[PDB]
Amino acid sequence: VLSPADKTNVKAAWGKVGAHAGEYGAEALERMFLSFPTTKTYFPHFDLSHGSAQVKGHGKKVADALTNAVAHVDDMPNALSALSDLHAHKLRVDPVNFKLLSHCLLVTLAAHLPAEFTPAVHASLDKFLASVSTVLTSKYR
């Protein structure tokens, strides 16, 4: 469960990210595709060329969902309900890949938040991203 301290940490860190969220979402996707090439098996329909607008657009969608999850941190199952339906019934990404994207999101945050990415904030962000992932895979079967 996300503690009050976790929620404070996540809200502060994502607040600092602010309007950079979409850019960071794209960067996290690019990091994931390069670092964990098996994740590209979910995007054979994408243009994956360097600086791909399609990847950037996707990064924005991922980031905006995360922004929403932060805004609704007390009730993520409800806030993410439509998205979790889509993941379970259409996208059907194997659960292991959520940990890969989550790690790449942490790396991206670490690379952009030198002051903010303390050990405690790192821990809270990791819990938050794992919780989002749990919600997104909750209806798989």
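In this text, residue numbers run from 1 along the sequence as written. For clarity, a rigid core is taken as the largest C-alpha set superposing within 1.5 Å between two forms.
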* Structure fact -> Of 57-65 and 86-94, the one with the larger RMS C-alpha deviation from the shown form in 6 other deposited structures of this protein, core-superposed, is 86-94
* Structure fact -> When the rigid core is fixed in 6 other deposited structures of this protein, C-alphas move more for 45-53 or 22-30; answer is 45-53
* Asked: For the C-alpha atoms alone, is the average B factor greater in 37-45 or in 63-71, going by the entry?
  -> 63-71
* Structure fact -> Higher avg CA temperature factor (95-103 vs 46-54, as deposited) belongs to 46-54
* Asked: Highest Cα B-factor in the PDB entry belongs to which of 110, 115, 88, 28?
  -> 115
* To do: Taking the values exactly as deposited, rank residue 120 by C-alpha B-factor within its chain and report the matching third: lowest, middle or highest.
  => middle
* Asked: Within this chain, which third does the Cα B-factor at residue 24 fall in: lowest, middle or highest?
  -> middle
